[PDB]
file start_8.cif (mmCIF, C-alpha atoms and all ligand atoms)
data_query
loop_
_atom_site.label_atom_id
_atom_site.label_comp_id
_atom_site.auth_asym_id
_atom_site.auth_seq_id
_atom_site.Cartn_x
_atom_site.Cartn_y
_atom_site.Cartn_z
CA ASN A 22 26.72 23.32 0.99
CA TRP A 23 27.16 19.51 0.70
CA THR A 24 29.81 18.00 3.08
CA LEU A 25 31.40 14.63 2.07
CA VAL A 26 30.71 12.19 4.98
CA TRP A 27 31.66 8.78 3.43
CA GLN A 28 33.24 7.37 0.29
CA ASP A 29 34.78 4.35 -1.33
CA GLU A 30 37.11 5.43 -4.20
CA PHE A 31 38.30 1.75 -4.50
CA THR A 32 41.83 3.20 -4.94
CA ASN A 33 43.34 0.71 -2.42
CA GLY A 34 40.98 -2.33 -2.56
CA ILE A 35 37.34 -2.55 -1.37
CA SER A 36 36.54 -0.68 1.91
CA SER A 37 35.91 -2.82 5.02
CA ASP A 38 32.54 -0.92 5.16
CA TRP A 39 31.17 -3.43 2.53
CA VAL A 40 29.70 -6.87 3.45
CA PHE A 41 29.11 -9.45 0.63
CA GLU A 42 26.04 -11.68 0.17
CA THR A 43 26.46 -15.37 -0.79
CA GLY A 44 24.01 -17.53 -2.79
CA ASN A 45 20.56 -17.15 -4.42
CA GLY A 46 18.72 -15.93 -1.28
CA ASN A 47 14.99 -16.76 -0.81
CA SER A 48 13.37 -17.54 -4.26
CA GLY A 49 16.14 -15.68 -6.18
CA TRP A 50 16.42 -12.71 -3.78
CA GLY A 51 12.61 -12.45 -3.94
CA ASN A 52 12.58 -11.92 -7.78
CA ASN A 53 13.33 -15.46 -9.12
CA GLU A 54 16.89 -14.25 -10.06
CA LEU A 55 19.19 -16.95 -11.46
CA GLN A 56 22.60 -15.97 -9.93
CA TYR A 57 24.60 -17.14 -6.87
CA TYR A 58 26.40 -14.19 -5.22
CA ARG A 59 30.08 -14.54 -4.14
CA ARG A 60 32.97 -12.43 -2.85
CA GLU A 61 35.18 -13.71 -5.73
CA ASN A 62 33.08 -11.87 -8.40
CA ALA A 63 34.30 -8.51 -6.95
CA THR A 64 37.86 -7.28 -7.77
CA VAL A 65 39.60 -3.89 -8.06
CA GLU A 66 41.35 -2.76 -11.27
CA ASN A 67 43.11 0.63 -11.52
CA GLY A 68 40.94 2.40 -8.88
CA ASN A 69 37.60 0.78 -10.02
CA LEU A 70 35.41 -1.86 -8.38
CA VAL A 71 34.78 -4.60 -11.00
CA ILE A 72 31.69 -6.82 -10.47
CA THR A 73 31.97 -9.70 -12.97
CA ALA A 74 28.91 -11.83 -13.79
CA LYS A 75 30.02 -15.29 -14.99
CA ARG A 76 28.51 -18.52 -16.34
CA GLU A 77 29.67 -20.59 -13.37
CA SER A 78 27.90 -23.42 -11.49
CA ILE A 79 27.69 -23.51 -7.66
CA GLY A 80 25.02 -24.59 -5.18
CA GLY A 81 22.55 -25.57 -7.95
CA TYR A 82 22.84 -22.17 -9.83
CA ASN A 83 24.49 -21.57 -13.25
CA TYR A 84 25.48 -17.84 -12.90
CA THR A 85 27.64 -15.97 -10.33
CA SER A 86 27.93 -12.25 -9.50
CA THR A 87 28.30 -9.93 -6.49
CA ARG A 88 25.85 -8.22 -4.15
CA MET A 89 27.56 -5.99 -1.57
CA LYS A 90 26.10 -3.66 1.05
CA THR A 91 27.11 -1.26 3.88
CA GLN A 92 24.37 -2.77 6.17
CA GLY A 93 25.67 -2.89 9.76
CA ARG A 94 28.68 -0.62 8.97
CA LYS A 95 27.40 2.65 7.41
CA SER A 96 23.91 4.15 7.01
CA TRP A 97 22.49 7.66 6.50
CA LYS A 98 19.27 9.60 6.94
CA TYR A 99 19.10 12.24 4.14
CA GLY A 100 22.01 13.20 1.87
CA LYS A 101 23.40 13.14 -1.63
CA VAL A 102 24.28 9.58 -2.63
CA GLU A 103 26.14 8.94 -5.88
CA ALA A 104 28.21 6.48 -7.86
CA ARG A 105 30.05 6.68 -11.19
CA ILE A 106 29.09 3.44 -13.01
CA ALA A 107 29.70 1.74 -16.37
CA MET A 108 27.52 -1.38 -16.77
CA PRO A 109 27.04 -4.15 -19.34
CA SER A 110 23.96 -4.22 -21.65
CA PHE A 111 22.74 -7.76 -22.58
CA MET A 112 19.55 -9.82 -22.36
CA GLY A 113 19.06 -11.04 -18.77
CA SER A 114 21.28 -8.38 -17.08
CA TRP A 115 19.98 -6.43 -14.05
CA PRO A 116 22.59 -4.17 -12.37
CA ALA A 117 21.47 -1.97 -9.44
CA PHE A 118 22.73 0.82 -7.20
CA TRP A 119 20.22 1.17 -4.35
CA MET A 120 19.46 1.61 -0.67
CA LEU A 121 17.40 -0.24 2.03
CA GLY A 122 16.17 0.93 5.45
CA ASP A 123 18.45 -0.21 8.35
CA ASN A 124 15.24 -1.54 10.00
CA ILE A 125 14.76 -4.25 7.33
CA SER A 126 16.20 -6.69 9.99
CA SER A 127 13.03 -5.94 12.20
CA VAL A 128 10.20 -4.85 9.79
CA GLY A 129 11.25 -6.60 6.52
CA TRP A 130 10.76 -5.40 2.92
CA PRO A 131 8.93 -3.39 1.80
CA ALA A 132 8.09 -1.71 5.20
CA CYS A 133 11.86 -0.77 5.48
CA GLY A 134 11.67 1.16 2.18
CA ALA A 135 14.02 1.01 -0.82
CA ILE A 136 15.53 3.84 -2.92
CA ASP A 137 16.81 2.51 -6.26
CA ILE A 138 19.31 5.17 -7.43
CA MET A 139 20.04 3.28 -10.68
CA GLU A 140 18.57 0.16 -12.20
CA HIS A 141 18.94 -1.11 -15.76
CA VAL A 142 17.62 -4.25 -17.48
CA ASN A 143 18.47 -6.10 -20.67
CA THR A 144 19.58 -3.77 -23.52
CA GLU A 145 17.28 -0.81 -22.65
CA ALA A 146 18.50 2.67 -23.80
CA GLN A 147 17.31 4.14 -20.42
CA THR A 148 17.93 3.77 -16.62
CA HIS A 149 15.30 3.81 -13.83
CA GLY A 150 15.00 5.53 -10.45
CA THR A 151 12.39 4.15 -8.02
CA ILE A 152 11.13 4.16 -4.40
CA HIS A 153 9.43 1.10 -2.91
CA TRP A 154 7.49 1.16 0.38
CA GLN A 155 4.29 0.21 2.30
CA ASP A 156 1.71 3.07 1.94
CA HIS A 157 -0.85 4.46 4.50
CA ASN A 158 -3.15 1.44 3.71
CA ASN A 159 -0.20 -1.00 4.15
CA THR A 160 -0.23 -1.75 0.37
CA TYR A 161 3.08 -2.30 -1.44
CA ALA A 162 3.71 0.94 -3.43
CA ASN A 163 6.41 1.95 -5.95
CA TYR A 164 6.99 5.20 -7.88
CA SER A 165 9.50 5.07 -10.76
CA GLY A 166 10.88 7.44 -13.43
CA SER A 167 13.40 6.87 -16.24
CA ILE A 168 15.89 8.83 -18.42
CA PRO A 169 17.30 7.96 -21.88
CA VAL A 170 20.93 6.78 -21.68
CA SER A 171 22.28 5.85 -25.17
CA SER A 172 25.47 4.25 -23.70
CA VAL A 173 25.08 2.59 -20.23
CA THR A 174 28.43 0.77 -20.99
CA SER A 175 30.15 4.21 -20.66
CA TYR A 176 30.69 5.88 -17.22
CA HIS A 177 27.67 7.87 -16.04
CA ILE A 178 27.08 9.58 -12.62
CA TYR A 179 23.89 8.27 -10.87
CA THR A 180 22.77 10.50 -7.98
CA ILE A 181 19.95 11.08 -5.51
CA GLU A 182 19.42 14.20 -3.37
CA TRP A 183 17.32 13.23 -0.31
CA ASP A 184 15.98 15.60 2.42
CA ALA A 185 12.92 15.69 4.74
CA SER A 186 10.86 17.08 1.76
CA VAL A 187 11.87 15.16 -1.38
CA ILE A 188 14.05 12.62 -3.15
CA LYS A 189 15.41 13.80 -6.56
CA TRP A 190 17.15 11.50 -9.10
CA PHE A 191 19.85 12.63 -11.56
CA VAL A 192 22.04 11.09 -14.27
CA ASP A 193 25.05 13.32 -15.18
CA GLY A 194 23.32 16.14 -13.19
CA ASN A 195 20.13 15.82 -15.30
CA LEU A 196 17.00 15.64 -13.05
CA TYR A 197 14.50 12.98 -14.33
CA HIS A 198 12.46 11.79 -11.27
CA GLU A 199 11.32 13.28 -7.96
CA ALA A 200 9.12 11.96 -5.10
CA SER A 201 7.67 14.00 -2.20
CA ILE A 202 8.16 12.36 1.24
CA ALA A 203 7.03 15.63 3.02
CA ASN A 204 4.84 14.71 6.06
CA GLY A 205 4.99 11.02 5.02
CA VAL A 206 2.60 11.79 2.09
CA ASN A 207 1.30 8.55 0.40
CA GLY A 208 2.60 6.67 3.54
CA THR A 209 6.33 7.56 2.89
CA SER A 210 7.14 7.83 6.69
CA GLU A 211 9.93 5.20 6.44
CA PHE A 212 12.10 7.44 4.13
CA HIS A 213 12.72 9.50 7.36
CA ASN A 214 14.98 6.66 8.70
CA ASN A 215 18.65 5.57 8.13
CA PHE A 216 19.34 3.63 4.90
CA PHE A 217 22.39 1.63 3.80
CA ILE A 218 23.79 1.26 0.21
CA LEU A 219 23.84 -1.84 -2.03
CA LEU A 220 25.54 -2.60 -5.34
CA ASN A 221 24.78 -5.72 -7.38
CA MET A 222 24.33 -7.29 -10.81
CA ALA A 223 21.49 -9.88 -10.92
CA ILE A 224 21.05 -12.30 -13.86
CA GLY A 225 17.38 -12.83 -14.82
CA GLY A 226 14.30 -12.32 -12.63
CA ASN A 227 10.66 -11.17 -12.85
CA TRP A 228 11.54 -7.74 -14.37
CA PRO A 229 14.37 -8.44 -16.90
CA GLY A 230 12.93 -11.90 -17.70
CA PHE A 231 14.58 -15.30 -18.26
CA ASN A 232 15.87 -14.86 -21.84
CA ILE A 233 19.63 -14.79 -20.99
CA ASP A 234 22.32 -13.94 -23.56
CA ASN A 235 24.75 -16.80 -22.59
CA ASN A 236 27.27 -15.32 -25.12
CA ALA A 237 27.56 -12.03 -23.04
CA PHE A 238 29.57 -13.72 -20.20
CA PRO A 239 31.74 -12.81 -18.59
CA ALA A 240 30.25 -9.34 -18.17
CA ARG A 241 31.68 -6.44 -16.14
CA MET A 242 30.15 -3.59 -14.18
CA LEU A 243 32.76 -0.95 -13.16
CA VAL A 244 32.23 1.50 -10.26
CA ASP A 245 34.79 4.32 -10.09
CA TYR A 246 33.41 5.50 -6.67
CA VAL A 247 30.45 5.66 -4.26
CA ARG A 248 30.08 8.90 -2.20
CA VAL A 249 27.68 10.26 0.40
CA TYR A 250 27.37 13.97 1.23
CA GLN A 251 25.15 15.58 3.86
CA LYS A 252 24.17 19.10 5.01
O1 LIG B 301 3.24 -11.81 -0.14
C1 LIG B 301 2.99 -11.10 -1.36
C2 LIG B 301 4.00 -11.57 -2.47
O2 LIG B 301 5.29 -11.90 -1.82
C3 LIG B 301 6.33 -12.24 -2.78
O3 LIG B 301 7.47 -12.46 -2.00
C4 LIG B 301 8.10 -11.21 -1.56
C5 LIG B 301 9.41 -11.08 -2.31
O4 LIG B 301 9.14 -10.85 -3.62
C6 LIG B 301 10.11 -9.83 -1.76
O5 LIG B 301 11.36 -9.77 -2.50
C7 LIG B 301 11.93 -8.47 -2.42
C8 LIG B 301 12.46 -8.22 -3.81
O6 LIG B 301 11.41 -8.05 -4.71
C9 LIG B 301 13.20 -6.84 -3.80
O7 LIG B 301 13.79 -6.57 -5.12
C10 LIG B 301 14.51 -5.32 -5.16
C11 LIG B 301 13.61 -4.28 -5.75
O8 LIG B 301 12.41 -4.06 -5.09
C12 LIG B 301 14.31 -2.94 -5.91
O9 LIG B 301 14.51 -2.28 -4.66
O10 LIG B 301 15.53 -3.16 -6.64
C13 LIG B 301 16.48 -4.08 -6.01
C14 LIG B 301 17.73 -4.07 -6.92
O11 LIG B 301 17.43 -4.46 -8.27
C15 LIG B 301 15.74 -5.47 -6.00
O12 LIG B 301 16.55 -6.53 -5.54
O13 LIG B 301 14.29 -6.88 -2.88
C16 LIG B 301 13.82 -7.03 -1.49
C17 LIG B 301 15.14 -7.01 -0.60
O14 LIG B 301 16.06 -8.04 -1.08
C18 LIG B 301 13.07 -8.41 -1.40
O15 LIG B 301 12.66 -8.60 -0.03
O16 LIG B 301 10.40 -10.05 -0.35
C19 LIG B 301 9.14 -10.04 0.34
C20 LIG B 301 9.46 -9.83 1.86
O17 LIG B 301 10.02 -11.09 2.24
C21 LIG B 301 8.31 -11.31 -0.06
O18 LIG B 301 7.05 -11.37 0.51
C22 LIG B 301 5.89 -13.54 -3.50
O19 LIG B 301 6.83 -13.88 -4.46
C23 LIG B 301 4.56 -13.36 -4.16
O20 LIG B 301 4.12 -14.58 -4.66
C24 LIG B 301 3.51 -12.82 -3.26
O21 LIG B 301 2.38 -12.50 -4.02
CA CA B 302 38.01 5.15 -8.19
#

call {"tool": "encode", "arguments": {"input": "start_8.cif", "output": "structure tokens"}}
result
Amino acid sequence: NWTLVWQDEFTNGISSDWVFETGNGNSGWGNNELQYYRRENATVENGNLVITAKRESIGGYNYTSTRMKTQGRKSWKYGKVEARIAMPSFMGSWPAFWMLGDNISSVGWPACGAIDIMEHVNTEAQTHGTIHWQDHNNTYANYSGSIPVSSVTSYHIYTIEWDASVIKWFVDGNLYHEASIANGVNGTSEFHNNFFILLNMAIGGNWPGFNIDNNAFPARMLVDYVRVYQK
């Protein structure tokens, strides 16, 4: 059976296991994103994390939002990782629930690996699950699947199950994507390391594009909980 090993239910504020990013990072967090991250864009309302993206000017940027992470506090090798999320749907939006290898501080991205548990862009009627890594030839690799979601603005449950064989992705318990990491096949060795969790909402960038609905602000992403189970 699955054993619960960590959670944030956001019932009494935001856990001290989260650290917040500030600013636009290096070339828009590597994706030419337009937002400046802050602590102030994260609040709790009635047992939910609220990440609010705003049209707000600071440090030469015209949008603000939150990127938070458990890096340096909590990380896991294998498990079931899930969040119950309701996210906005508007041109320019790019919310994510994802994971990075603990060793990013030494080896960088994408050698560290990334598991995107949920991404959404713009007004798409689907959500994406992806791994990113450096394959056996040291070439940047990604492997993505998607599932139709007619209402991303409603709460859905976004899950991975991760073991030494496979990562499986689910929305509302519906399996839609799977990736073998057995024996480090296709150079997937770095998914046999500890990973930490991130939550964010980016505004613009290479994938969603730079057509921003300025009339969609402020915009809210609500997270009822994040949980990690292991065997
Ligand atoms: O040298 C070859 C090319 O390098 C390019 O610069 C790299 C930069 O893009 C890269 O930025 C990544 C960023 O893309 C990545 O985005 C995340 C996604 O991959 C996915 O996991 O989803 C999350 C959530 O939506 C998303 O943020 O995030 C990582 C971690 O923040 C970030 O590092 O970083 C590398 C390593 O530094 C840069 O080399 C450059 O722009 C190209 O011109 C060049 O061809
Ligand atoms: Ca909650």

call {"tool": "residues_around", "arguments": {"input": "start_8.cif", "residues": "range 204-214 of chain A", "least_positions_apart": "3", "cutoff": "10 Å", "atoms": "only C-alpha atoms", "output": "PyMOL selection string"}}
result
chain A and resi 96-99+121-124+131-136+152-160+162+183-188+200-201

call {"tool": "closest_residue", "arguments": {"input": "start_8.cif", "among": "A:74, A:95, A:126, A:62", "to": "residue 36 in chain A", "atoms": "all atoms listed in the file"}}
result
A:95

call {"tool": "residues_near_ligand", "arguments": {"input": "start_8.cif", "ligand": "ligand LIG 301 (chain B)", "cutoff": "8 Å", "atoms": "all atoms listed in the file", "output": "ChimeraX atom specification"}}
result
/A:48,50-52,115-121,129-131,135-137,140,151-153,221-223

call {"tool": "residues_near_ligand", "arguments": {"input": "start_8.cif", "ligand": "ligand CA 302 (chain B)", "cutoff": "7 Å", "atoms": "only C-alpha atoms and all ligand atoms", "output": "PyMOL selection string"}}
result
chain A and resi 30-32+68-69+245-246

call {"tool": "atom_distance", "arguments": {"input": "start_8.cif", "atom1": "CA of residue 146 in chain A", "atom2": "CA of residue 167 in chain A"}}
result
10.0 Å

call {"tool": "closest_residue", "arguments": {"input": "start_8.cif", "among": "A:72, A:24, A:37, A:229", "to": "residue 145 in chain A", "atoms": "all atoms listed in the file"}}
result
A:229

call {"tool": "atom_distance", "arguments": {"input": "start_8.cif", "atom1": "CA of residue 77 in chain A", "atom2": "CA of residue 226 in chain A"}}
result
17.5 Å
